[PDB]
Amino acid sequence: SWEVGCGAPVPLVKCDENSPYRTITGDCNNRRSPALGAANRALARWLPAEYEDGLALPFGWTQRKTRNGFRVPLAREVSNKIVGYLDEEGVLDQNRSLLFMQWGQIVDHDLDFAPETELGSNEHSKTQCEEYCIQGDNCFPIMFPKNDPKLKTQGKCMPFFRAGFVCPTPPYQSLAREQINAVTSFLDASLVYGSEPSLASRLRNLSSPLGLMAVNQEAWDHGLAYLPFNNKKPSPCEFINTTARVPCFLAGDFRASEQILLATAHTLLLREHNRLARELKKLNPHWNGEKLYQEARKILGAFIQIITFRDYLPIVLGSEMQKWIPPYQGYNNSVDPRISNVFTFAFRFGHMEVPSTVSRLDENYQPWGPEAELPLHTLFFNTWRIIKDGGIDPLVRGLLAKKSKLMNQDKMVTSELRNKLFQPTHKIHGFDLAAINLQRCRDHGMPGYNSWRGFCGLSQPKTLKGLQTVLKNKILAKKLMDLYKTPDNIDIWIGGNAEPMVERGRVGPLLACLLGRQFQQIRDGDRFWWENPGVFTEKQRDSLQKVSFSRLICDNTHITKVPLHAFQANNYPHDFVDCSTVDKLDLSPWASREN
């Protein structure tokens, strides 16, 4: 008996085996093993976890224990000496729009979420961790180096809490610690609809038989919907501006308001569901609410799948695309569709793609107002700039017309994220996402850089010189050695991202392998994959492959000019055409006759 037993975070129910619709939780996708890919289950392990005590303590916890003979460097040190930089000039990606970064975050949020541990509201725990920086239980602080300016200004550490895990929440004790994925592993738009029946239902408009999602009642965007506000106070969104007092939005995913451009994409998707559902009510007047909801939902999930696999993946993986994701051959019930623990770190290549500012453009795509270009850090958990400063059209135009940041070995992550991150649970704009990613690697018990190179069949450098040749960078390799003392101890997030980009792509070999395997598996092991015979009809398929992010914008905003290939860098006005030139989604194939 393999470690097959434990199952408890978990909400349990029965499977209607002939339902043409996915469950909200992901259960029932695989017929022989119904829990596969479901939400609130453990992240899969492609390799055994590596903890300090073999079971649960992260490396770096016990200051005297080493990793292969050496102390592991402080997360914030590595951040300071390797990841930071000062000059934002020359840093933009010349052939990827801001939308390229933004889509990655959306896909990521549909596939994985490992929430921090809670246990204790009205507990000195949240206090003992932030106020005193005392390591202990789920408090695993990021200590500041000596010479770090945050020491003079912020305190002795940045609080950090370990990720939730399967089985409990209490002192669990024997088999290795496994973190939770709170969302469904299938690319199914769970970030729009929710992963729990509890939330899925609350998101819906059930007082009307139209199969629509609830929309904001306090505010409108020139007649277009906004996501509803969240009930819960205190909300970090009203905190960043107690005068405006505008709460975070309520969406299928809890991270929706982390930054204004993410909330903007969530709004576009909410609108498409309603557009689709009312458009479907027109062709099938007899269909009921539930049918409208499920059928629009199914359509929206196919859209996310199509854009991801047809438009997005090919420009991340480049020439490695064909190597890891061969053409679709059909559903394979033997494939594990679960998202792996390491994927959630590999997919973090996106953090190095975020630029320092966000712009709002007017109708001619020229600056909108006098304070049109804003620093990223003022937009974390900011919903007021949307409700009170022009709606989403100005931000959407920036998404289309501005560029992503390009990964650069000398310029990894912007200070907006590296020194000024705002955490929903705390009150300063002073966190470091890079140090957090590093610390989280250790928290999730990740094998080191060389373990993953071997897994992907790549050479494994043992020397500084071996490491120079792989990174193709003498000094980066050297700072890496000085901090880590052996390439075996290099945290995967930084190791993976330090490698040069493959041809036509935006990640290196190690990441291409880790990303590509994962995507191949969630496609091949998804019974509801859009191309799987029987999910949609042939005619429905011919209609779905004409979707494009450009059309989505046209139908759901007041923007009338869009580029044809939204993910590449596009210059206004030459690369911008009229919305009426853009292929629409033909829903006639969804018309039924029941006589």
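In this text, residue numbers run from 1 along the sequence as written. We call the rigid core the largest set of C-alpha positions that still match within 1.5 Å between the two forms.
Stretch comparison, 570-578 versus 12-20: after rigid core superposition, larger RMS CA deviation in 9 other deposited structures of this protein is found for 12-20.
With every structure aligned by its rigid core, 167-175 is the stretch of 448-456 and 167-175 whose CA positions lie farther away in 9 other deposited structures of this protein. Higher mean CA temperature factor, per the PDB entry, when comparing 525-533 with 43-51: 525-533.
Stretches compared: 511-519, 323-331. Higher mean C-alpha B-factor in the entry: 323-331.
Which of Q179, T414, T169, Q94 has the largest Cα B-factor in the deposited entry comes down to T169. Going by the entry's values, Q63 shows the largest Cα B-factor out of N29, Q63, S550, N68. Per the PDB record, residue ranking by Cα B-factor puts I306 in the lowest third of the chain. The deposited CA B-factor of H351 belongs to the lowest third of values across its chain. Among the modelled residues of the chain, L544 sits in the highest third by CA temperature factor in this PDB entry. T23 sits in the lowest third of its chain by CA B factor, as recorded in the PDB entry. Split the chain's modelled residues into thirds by C-alpha temperature factor. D432 is in the lowest one.
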